[PDB]
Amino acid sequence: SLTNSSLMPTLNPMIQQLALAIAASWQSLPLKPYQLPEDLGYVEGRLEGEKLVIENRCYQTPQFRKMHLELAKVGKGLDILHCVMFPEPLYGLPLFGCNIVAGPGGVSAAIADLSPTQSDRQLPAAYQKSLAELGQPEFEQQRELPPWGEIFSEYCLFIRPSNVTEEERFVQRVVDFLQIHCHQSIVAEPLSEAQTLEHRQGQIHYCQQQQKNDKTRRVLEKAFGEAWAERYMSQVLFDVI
């Protein structure tokens, strides 16, 4: 639960709403804690510039090997939400991820996806069908994915929200993605060893590509330095199984 968070009250309102929605989706699942390296939960650091504060919450279920919700703030202005649900490869589910970045003048980036793990880069058919039924969402300011973003599905949303209506529409789309994903997790069957290996590789590739994101790395380096940032990206955020 988030009522004991020290960062929550100080974060951009869209981030607060989305954090609450993710927590509500997870709250009644068969959750167990997942221990991050060094049992990390709150961390703060500074070098010569602004302080970075991070709060981490992490869990697992039989179908999701690691469910990570991270809230962060740089200085007074830069607010971040990071969330990934890493699937257990045995069940073949896609990777849910989202990131919101906001400053004093509003949300600059809102990204969410259900990303594929199959070698053909397609989502399972049940997901394709359910996602197609939601309809194409209308947003005024779409952003093009960076080159390492070939890991994202055709349903990936990457926008700068233009107004509160778009903020709310984006949050609702993430809730819809999570409703689909949690339902599919109930009906998922354990796969063969060969198919498990295929899904494992797709997850490894997703993690290696996400480690190429210099926008994350520079924020971490400015507060903690190069070696800490590399450890954090490779062992805490995007760990290879």
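Numbers follow the displayed sequence, beginning with 1.
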{"property": "Stretch exceeding the other in mean C-alpha B-factor - 130 to 138, 107 to 115", "result": "130 to 138"}
{"property": "Stretch exceeding the other in mean C-alpha B-factor - 73 to 81, 93 to 101", "result": "73 to 81"}
{"property": "Top residue by Cα temperature factor, when 202, 37, 45, 30 are compared in the entry", "result": "37"}
{"property": "Which of 189, 214, 55, 198 ranks first by CA B-factor in the deposited coordinates", "result": "189"}
{"property": "CA B-factor placement of residue 17, once the chain's modelled residues are sorted into thirds", "result": "lowest"}
{"property": "Within-chain third of residue 171 by Cα B-factor, per the entry", "result": "lowest"}
{"property": "Chain-relative CA temperature factor third for residue 194", "result": "highest"}
{"property": "Third of the chain's Cα B-factor distribution that residue 157 belongs to, per the entry", "result": "middle"}
